[PDB]
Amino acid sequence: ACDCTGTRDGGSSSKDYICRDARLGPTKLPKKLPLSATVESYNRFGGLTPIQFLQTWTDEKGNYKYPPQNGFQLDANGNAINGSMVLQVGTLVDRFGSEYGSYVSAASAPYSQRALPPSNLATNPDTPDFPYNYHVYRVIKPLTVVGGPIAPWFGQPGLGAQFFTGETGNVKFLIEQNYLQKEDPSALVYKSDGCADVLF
C-alpha cells in the first residue's frame, strides 16, 4: 500500500502533517529531538502502512489505544516492572504533555524508546527545535519515584525509562515545591559542563 488510504484528511489547515492527518505526526520533524538510534531508524508507522497502523493502534473513534498498566513493561505474570527509586540531583527528565501530568522519562532516550504515537512530534514553527508539548526538567532535590522500563507500543521499540511522580505530586507540584527545575532544551543542546576532548 504505502498510501494515505484510511487516514483523515484535515484539509489545508493540516497541510503540515502526514496525509493531512495530525494523528500521523508532522511532515517536518523536530530539528534537534533524537528520534531513534542509528542501528534502528525511526518509522512513525512501525513498519506498517498508515491504514494498518491506524487499524492496530486506534479505536472506532480514531483515538489512540494506549498500553495497559501505565505503559510499564509487564513481567511474565502480567505485572508491571517498576519500583520506588530516588532520582539523584542533576538527573534530567522530560515529558510530552502538560505539567498537570505525573509521568517523566529519562531525557537521553530517543523518541523510538518512549512508545508514544507520532502525533506528539508536532512542532511549533516558531520554536522548531523540539515538539510543542515537550518539556525538560532537572531534578534539584532528590525525588523518589516509581520507575520502570517502557513497554513497546505503537510499533516502537520502547524500553526507555519512565518515572511516575504521583506519589509526591504532578510536575506542577514538583516545580512549585522545588523538586524539579524547568530547563530550556534548545539551550541545553549547547551545554558542555566538563573537560572537552580538545584539551588533550
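Numbering starts at 1 and follows the sequence shown.
Exercise for the section: Tell me which of 125-133 and 108-116 has the higher mean C-alpha B-factor in the deposited entry. Expected result: Looking at the recorded C-alpha B-factors, 125-133 comes out higher on average.
Exercise for the section: Going by the average Cα B-factor in the PDB entry, point out whether 174-182 or 187-195 comes out higher. Expected result: Comparing 174-182 with 187-195, the higher mean C-alpha B-factor belongs to 187-195.
Exercise for the section: Select lowest, middle or highest to describe the third in which the CA B-factor of residue 32 falls within its chain in this entry. Expected result: Within its chain, residue 32 is a lowest-third residue by C-alpha B-factor, going by the deposited values.
Exercise for the section: Ordered by C-alpha B-factor within the chain, which third holds residue 90? Give me lowest, middle or highest, please. Expected result: Its C-alpha B-factor belongs to the lowest third of this chain's values.
Problem - Third of the chain, ranked by Cα B-factor, where residue 78 sits - result: Highest third.
Exercise for the section: Looking at the entry's B-factor column for C-alpha atoms only, identify whether residue 156 ranks in the lowest, middle or highest third of its chain. Expected result: Lowest third, going by the recorded CA B-factors of the chain.
Practice task
Relative to the other modelled residues of the same chain, rank the CA B-factor of residue 70 and answer lowest, middle or highest third.
Solution key: Its C-alpha B-factor, which the entry lists for residue 70, ranks in the middle third among residues of this chain.
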